[PDB]
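Worksheet for the structure shown next.
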Amino acid sequence: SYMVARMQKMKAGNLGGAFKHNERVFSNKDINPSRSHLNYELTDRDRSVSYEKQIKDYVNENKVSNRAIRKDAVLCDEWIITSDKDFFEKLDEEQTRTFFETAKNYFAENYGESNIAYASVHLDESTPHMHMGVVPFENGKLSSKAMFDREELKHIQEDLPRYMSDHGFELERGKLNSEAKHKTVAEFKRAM
DNA sequence: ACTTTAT
DNA sequence: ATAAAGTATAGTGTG
Ligand SMILES: [Mn+2]
């Protein structure tokens, strides 16, 4: 099976939408409401605090510069962490939890533990997956541009699958220099 | 490497 | 007027 890891840039304006989905505050034909109690959150975060509020307070309190966070700032990079169904069918509940906790560890150790703003695991859709918001805050500065550039995303695609298999998980990296285009969830569904 | 942003 | 961070990136699946 392939390791699926990819980020989506979150500005202020789409964090409300991310929170609404991640915390199940609504539904979509592919969400089994009976299975939603099965989801879990891997961080210590407060469920009654928006992501937009949480991240802004954290950055505003920690930043070296006196300038306000720009309105088009990438407040976080939401990584999807997943694989195919076959990969998951092989794992019990405990192993599935370890898998996501392990993925979270990679990003904690590489980009700062205090930057993992949420790590929300969904078992009530088609396949287990985690929406994990990594705040690109380093050296007192917030910059997705500085944290996740071309070389860095290339590095993750090689190193993260390796780190997972080093920790017990049988999955391989995606095709090197893969020519695929990201489809949206809704666009992937039309494709099937 | 070219714009937008908050000074 | 200045400089940091915006824009993409790399990967596969019914997020
Ligand atoms: Mn989901």
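All chains are named by letter (A, B, ...) in the order of the sequence lines, taking the proteins before the strands, and each is independently numbered beginning at 1.
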Between C/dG15 (P) and A/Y118 (OH): distance, integer Å: 17 Å
Integer angstrom distance from the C1' of C/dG11 to that of C/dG15: 13 Å
Any donor-acceptor N/O pair, A/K175 side chain to A/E179 backbone, under 3.5 Å: no
For A/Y58, the option from A/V135, A/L75, A/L142 that meets side-chain contact (heavy atoms from CB on, under 4.5 Å): A/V135
A/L153 CG - C/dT9 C1' separation (whole Å): 5 Å
Atom-to-atom span, CD of A/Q8 to P of C/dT7 - whole angstrom: 10 Å
Test side chain to side chain contact (heavy atoms under 4.5 Å, CB included) applied to A/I156 and A/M7, step by step: CA-CA 11 Å; A/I156 293 167; A/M7 47 159 279; over 6 Å; no
Protein-nucleotide distance (A/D77, atom CG; C/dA10, atom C1'), rounded to Å: 13 Å
Any residue of residues 120-130 of chain A with a heavy atom less than 4.0 Å from an atom of DNA chain C: A/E125, A/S126, A/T127, A/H129
Closest-nucleotide ordering on DNA chain C, the 5'-leading residue of A/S178 and A/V74: A/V74
Under 3.5 Å donor-acceptor, A/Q157 side chain and A/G174 backbone: no
Check: A/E125 main-chain N/O paired with A/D30 side-chain donor or acceptor under 3.5 Å: no
Sugar-phosphate only, base, or nothing, as touched by A/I156 at under 4.0 Å among non-hydrogen atoms: nothing
Any donor-acceptor N/O pair, A/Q95 side chain to A/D92 backbone, under 3.5 Å: yes
Side-chain heavy atoms of A/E101 within contact of A/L42, under 4.5 Å: yes
Short side-chain donor-acceptor distance under 3.5 Å, A/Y51 and A/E78: no
Heavy-atom check, side chain of A/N60 versus side chain of A/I69, under 4.5 Å: yes
Residues A/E23, A/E41; criterion side chain to side chain contact (heavy atoms under 4.5 Å, CB included); working and verdict: CA-CA 9 Å; A/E23 286 307 340; A/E41 166 66 37; 4.1 Å; yes
Ring-ring centroid check A/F19 A/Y118, cutoff 6.0 Å: no
First encountered from the 5' end of DNA chain C, between A/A73 and A/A5: A/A73
Polar contact flag, side-chain donor to acceptor under 3.5 angstrom, A/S1-A/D86: no
A/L123 backbone acceptor or donor facing A/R35 side chain under 3.5 Å: yes
Sugar-phosphate, base or nothing in reach of A/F188, heavy atoms under 4.0 Å: base
Close approaches to DNA chain C from residues 38-71 of chain A, in residue order (heavy atom, under 4.0 Å): A/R67, A/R70
Residues touching DNA chain C, which here means a heavy atom under 4.0 Å, drawn from residues 20-37 of chain A: A/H21, A/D30
Nearest-angstrom distance from the residue atom CZ of A/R190 to P of C/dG15: 13 Å
Sugar-phosphate only, base, or nothing, as touched by A/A186 at under 4.0 Å among non-hydrogen atoms: nothing
For A/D57, all residues meeting side chain to side chain donor-acceptor pair (under 3.5 Å), sequence neighbours excluded: A/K53
4.5 Å side-chain heavy-atom contact, A/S36 and A/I31: yes
Proximal nucleotide (of C/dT7, C/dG15, C/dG11) relative to the A/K11 side chain: C/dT7
Test log, rule side chain to side chain contact (heavy atoms under 4.5 Å, CB included), inputs A/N105 and A/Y163: CA-CA 10 Å; A/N105 291 349; A/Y163 174 92; 3.6 Å; yes
Phosphate contact (C/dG15 OP1 or OP2) by A/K183 side-chain N/O below 4.0 Å: no
Whole-Å P distance, B/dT5 and C/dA8: 14 Å
C/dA10 versus C/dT14 - spacing of their P atoms, nearest Å: 22 Å
Atom-to-atom span, CD of A/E151 to P of C/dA8 - whole angstrom: 16 Å
Any donor-acceptor N/O pair, A/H122 side chain to A/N39 backbone, under 3.5 Å: no
Near-ring test A/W79/A/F148, centroid separation under 6.0 angstrom: yes
Contact list for DNA chain C against residues 88-100 of chain A - heavy-atom distance below 4.0 Å: none
Residue-level proximity of residues 132-150 of chain A to DNA chain C when a heavy atom falls under 4.0 Å: A/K141, A/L142, A/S143, A/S144, A/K145, A/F148, A/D149, A/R150
Touch class at under 4.0 angstrom, heavy-atom based, for A/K9 against every strand present: base
Interatomic distance where CH2 belongs to A/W79 and P belongs to C/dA10 [whole Å]: 11 Å
Gap between atoms NZ and P, on A/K181 and C/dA8 respectively (whole Å): 16 Å
